[PDB]
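S.K.:
Protein chains in written order, with the numbering used here: chain A, 5 to 630; chain B, 5 to 630.
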């Protein structure tokens, strides 16, 4: 994910942002200058654009077991594939020799790593002093009032990060202390030797069942990862045990700080060599993290829609034997290693990547819906069902169709964040609406309806996004061309050319009408949504009438509508300064990972989904890392 | 004056209009189409313009004797010059031979002809049913209320044309009947043989003193033309005598109708061969007749200013001997003969020529004032005192400077209509003003002041007027050219180019601002007055800022102010239909005069002022007819 973020703008920028919330939402502000050069008369207008985001969500999570991955053990303990070298293990150690015939090796700690990630982010948020239940923004446009419900009330919601479980009200895993060389039960054991006492306590107690107490998307409900397990440690750690039996009071046993929690993460991962599984965990957390708050009224359907996540069941063989984590670690992906090094250099790469993936996902789904019609795209590709069926490649396909670069795959099989109710282009949403005054809006029975996925963000977190083959507002610059034909009342225009002209005029300060009435563009973002009527098929020409001016006008432009006054206006848009408000630039040359004691493979296996998906000219598809 | 009127537009048009009044004022409406061709995109806007006129005036008339003109007698009764051939007269017949040594021959009937002209026009006006005292229009512009006083109140003023004199309250001339061949007294006698009884009665009784009873300009006060005289007629006519001695009541002795009055005019003139004197009379009446009502507030100074007229004293030798009017009439100007034939073909040539001369006079005085500064004109000619000193060539010089064609001279020496208080460029006027709301206006002590002569009309009765050497709104068409230099806030412009641009934009529908604030142009005429500030010297460049639009907008035009959007707009204005409202086309081929029994000379004598004045390139001056 490091390559994706560092390639959205340029290899030199590498701009990162920290987590911030304000009752569950935050706003990312920008400052952008737009040019207008025509007849060697360069004009410009500098303005600020704001795209706010919300961390409130209610994703659905299913905990279903999957494949077993052993890409962290020594070379001699692995065969030519991911399967362990059982003969080597036994020629090293009996009853176990006969027992092994009945010991499946299901080692997959992705659920644990994701749990630690969300707990760390929650603790960072509460030490930042703004952790709360989280509430959706209340959007009101003079004509329509909307307010999506949330389960947990913010005011009564907790302000401090409590432990996910309860006071012994629910059962807890039967943990144990392990120091021998003989695994006694096929139940998984962990190896937490480098961890300190408090880190081990946090790990074991958070293994227990998690309860959802806030509307935060990373606060989803999760059951206990394993009913029984043991940890291979030098000493027994039992402070959390005193807490469950009802001895340690809340004040002395509180969730550990962010620094120690991140340290426990680091120790766990780089002692068990879980770089691949942690990369998968970070990918899933980034894809589940947050959604943008829509400026337009109909964009709230994106907020109401809930993702579906498939986290594999927890299993471990690392702690079963102590020599497995020794030796030379094998089959570690270079992308996973570099991503791990970067995220432990700065732990907010996940946050900035999550915001970028949210914006890219929304725009990719919407542009798939639009480019189905034939707007901007030459080839009538199978956008509907091509690479969006594969749940693991769903969000990556959306990112590829939006941005055009190689979206990083989950790196793990049978894990995905998927919107099942979004593959169809007929899917509707009933957003609650208390209409203030009647206007142009498809308001039927107190809820307007939307078709497919709407726009809820603006392509400003990722600006140079190459959505279309030709120049467009999504691209850096475009040239407004002559109309197809001019008439008395106006001129006809192609779908894309008309939208480009309307966008440029809205930035300049002109309101643009059309027939077969307004090009919508909300203030505070000044990005013109694609018109609903032109979105559908059978419409190839747009009649532009009445290019009127607005109350506030910035750049004064020719008519471009009358043949006499049309001029080849060439525009150009560049983003200058961004600052979230509820930098931190990274340096690749200082975060390079540890190549020693690690065997690194550049390529991956398509079964395990170690690759990327790129929007080819002939159609987007999955490709190998090679 | 026929050539002047028929050459203002074209030899084919020859458009004439009848007299009409509405409480002393009338309005002449037009319908004019203005073009706007640029980039091969011809645009046009059709609109109506109205220029109202007023017949109310109080001219000052001085009755001072002048030269004696004998250009109607037979050839044998004249010498090589205007002097009579006394030897021929005597070798034709004594005591008279000795008496003649004491008989000056002062024959000049111009006062009589002018009196009959004004009486005929008044009778036409009263039979039209709209004769009254006449009142000045009350102009009000939301900011300023003005109403010039008039001596005679309209409501109590007479509605029927009464006889100019009173009921024997004033003395009357001692008329007599003459039938012999011997003039008994050096007192003048008239020859009215072809006239009927009623025509003779009207002539003799109107010879008596005239009293001013209305505010009409042609109703000026005049004394009795001669204390004593006799008329050479077959029979004595004494009905007016019964009227003066108090016998004939008013009802039976009333002013004769228009037809019989015009018939008396015709008989008198073409029996006494007074074509030259009648041409002079018509010229003077046309120059005194009426003034335009000013659309702009400061233009009423033209209304307050009063002309000065020098009518020669009445004298006659035609009726002294009966053979003088016989023979071949000698020394008759072709222009006078053709003008006489035209005015007796239709008697409203005088009215249309008077309206045209009024508009041309106002515009000529104003353009002399403007072109003194250097606006539009290359040569700094002596506009102030060159040909405007000669009182007889004053109004003709104004017409020449305005229109550019040969203004017809008075054709008589020591006769003129002159504004003595107008030769100076510093002359001021105190127009009464009840100011409604304060605005841009030089209002000092209840009266704004004006400097020189203002614009009170628009060049629409005579449109193709060539005021300036270069193309201008006064000309048919002009091309708006590129600015001298363009700046951030606007562009600088020459005096004339800026005024042309402002006029074109006001016709199109754009309001034009400038600095070193508005280009004034009143509705109902949509002609833009020359700005006061640019009128004076030391100002050669005008800064044009803010070409804003108006409430009502007709032709949509490029900025012409910014270098990027400037386009070579070419305009064109043509007048289509005019109709006064309180045609009548003439046909030259049917009004050609009687060449038989008349000796016609094309040339004239500069002493007698038989010529014209043309605006030469090097300067306007009097030229001969040749």
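Quick reminder that beta carbons are idealized off the backbone N, C-alpha and C, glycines included.
Look up residue 234 (chain A) in the DSSP assignment and say whether it is helix, strand or coil.
M.R.: strand
S.K.: Does the region 222-240 of chain A come close enough to the region 315-324 of chain A to have 3 or more Cβ pairs within less than 8 Å?
M.R.: yes
S.K.: Hey, residue 361 (chain B) and residue 396 (chain B): beta-carbon distance below 8 Å or not?
M.R.: no
S.K.: Closer than 9 Å, Cβ to any Cβ of chain A: which residues of the region 41-65 of chain B, in chain order?
M.R.: 42, 43, 44 and 45
S.K.: Got a sec: is the Cβ-Cβ distance from residue 508 (chain B) to anything in chain A below 8 Å?
M.R.: no
S.K.: So, is the C-beta of residue 569 (chain A) closer than 8 Å to a C-beta in chain B?
M.R.: Closer than 8 Å: yes.
S.K.: Which same chain residues end up closer than 8 Å to residue 417 (chain A) when comparing Cβ atoms and leaving out the 5 residues on each side of it in sequence?
M.R.: 70, 71, 396, 611, 612 and 613
S.K.: Which of the three DSSP states, helix, strand or coil, is assigned to residue 406 (chain A)?
M.R.: helix
S.K.: Going along the chain, which residues of its own chain have a beta-carbon closer than 6 Å to the beta-carbon of residue 298 (chain B), five neighbours each way excluded?
M.R.: Here the set comprises 304 and 460.
S.K.: Taking only the alpha-carbon atoms, compute the straight-line gap between residue 577 (chain A) and residue 39 (chain A) and give it to the nearest angstrom.
M.R.: Distance between the alpha carbons of residue 577 (chain A) and residue 39 (chain A): 6 Å.
S.K.: Where does the unbroken alpha helix (DSSP H) through residue 501 (chain B) begin, and where does it stop?
M.R.: 499-512
S.K.: Leaving out five residues on either side along the sequence, give the residues of the same chain with a beta carbon under 8 Å from the beta carbon of residue 262 (chain A).
M.R.: 124, 127, 128 and 131
S.K.: Between residue 343 (chain A) and the rest of its own chain, which residues show a CB-CB distance below 6 Å, the 5 nearest in sequence each way excluded?
M.R.: 5, 6 and 283
S.K.: Could you please tell me which residues of the region 554-583 of chain A, in chain order, have their CB closer than 9 Å to any CB of chain B?
M.R.: 560, 562, 563, 566, 567, 568, 569 and 571
S.K.: Assuming residue 8 (chain A) contacts residue 584 (chain A) (C-beta within less than 8 Å), just tell me the rounded distance between them.
M.R.: Contact flag wrong, Cβ pair sits at about 19 Å.
S.K.: Residue 271 (chain A) to residue 26 (chain A), Cα distance in whole Å?
M.R.: 32 Å
S.K.: If you run the structure through DSSP and keep just helix, strand and coil, what is residue 550 (chain A)?
M.R.: strand
S.K.: According to the Cβ coordinates, are residue 64 (chain B) and residue 313 (chain B) closer than 8 Å?
M.R.: yes
S.K.: For a cutoff of 8 Å on Cβ pairs, would you count residue 80 (chain A) as touching chain C?
M.R.: Structure shown: chain C not included; protein chains present are A and B.
S.K.: Please go through the same chain and pick out, in chain order, the residues whose beta-carbon is closer than 6 Å to the beta-carbon of residue 567 (chain B), but skip the five residues on each side of it.
M.R.: 490
S.K.: Would you kindly check if the distance between the Cβ of residue 165 (chain A) and the Cβ of residue 193 (chain A) is under 8 Å?
M.R.: no
S.K.: Which parts of the region 289-359 of chain A are runs of the alpha helix (DSSP H), unbroken and 4 residues or longer, counting only runs that do not cross its ends?
M.R.: 305-308 and 338-349
S.K.: Among A:556, A:550 and A:548, whose alpha-carbon lies nearest the alpha-carbon of residue 527 (chain A)?
M.R.: Shortest Cα-Cα distance from residue 527 (chain A) to any of A:556, A:550 and A:548 involves A:556.
S.K.: Give me whichever residues DSSP pairs with residue 583 (chain A) in a beta bridge.
M.R.: In the DSSP output, where bridge partners are listed per residue, residue 583 (chain A) has A:33.
S.K.: Since I believe residue 363 (chain A) is in contact with residue 412 (chain A) (beta carbons under 8 Å), could you give me their beta-carbon distance rounded to a whole number of angstroms?
M.R.: With a Cβ gap of about 16 Å, residue 412 (chain A) and residue 363 (chain A) do not count as contacting.
S.K.: Applying the criterion that 16 or more other CB atoms from any shown protein chain within 10 Å of the CB defines a buried residue, is residue 521 (chain A) buried or exposed?
M.R.: Looking at its Cβ environment, which holds fewer than 16 other Cβ atoms inside 10 Å, residue 521 (chain A) is exposed.
S.K.: Quick one: using the 10 Å Cβ neighbour count with 16 as the cut-off for buried, is residue 181 (chain B) buried or exposed?
M.R.: exposed
S.K.: What did DSSP end up calling residue 424 (chain B) once you bin it into helix, strand or coil?
M.R.: helix
S.K.: Could you name the residues of the same chain whose beta carbon sits closer than 7 Å to that of residue 119 (chain B), not counting the 5 residues immediately before and after it, in chain order?
M.R.: 210, 214 and 226
S.K.: Tell me whether residue 222 (chain B) is buried or exposed, calling it buried when 16 or more other Cβ atoms sit within 10 Å of its Cβ.
M.R.: buried
S.K.: Any idea if residue 538 (chain A) is buried or exposed, counting beta-carbon neighbours within 10 angstroms, 16 or more meaning buried?
M.R.: buried
S.K.: Would you please state the rounded distance, in angstroms, between the beta carbons of residue 406 (chain B) and residue 469 (chain B)? I believe it to be under 8 Å.
M.R.: 6 Å
S.K.: Can you list the alpha helix (DSSP H) stretches of 4 or more residues lying completely in the region 52-102 of chain A, in chain order?
M.R.: 90-94
S.K.: If I follow the unbroken alpha helix (DSSP H) through residue 125 (chain A), where does it start and stop?
M.R.: Annotation for residue 125 (chain A): the continuous alpha helix (DSSP H) segment containing it runs 114-131.
S.K.: In whole angstroms, give me the CA-to-CA distance for residue 502 (chain B) and residue 531 (chain B).
M.R.: 14 Å
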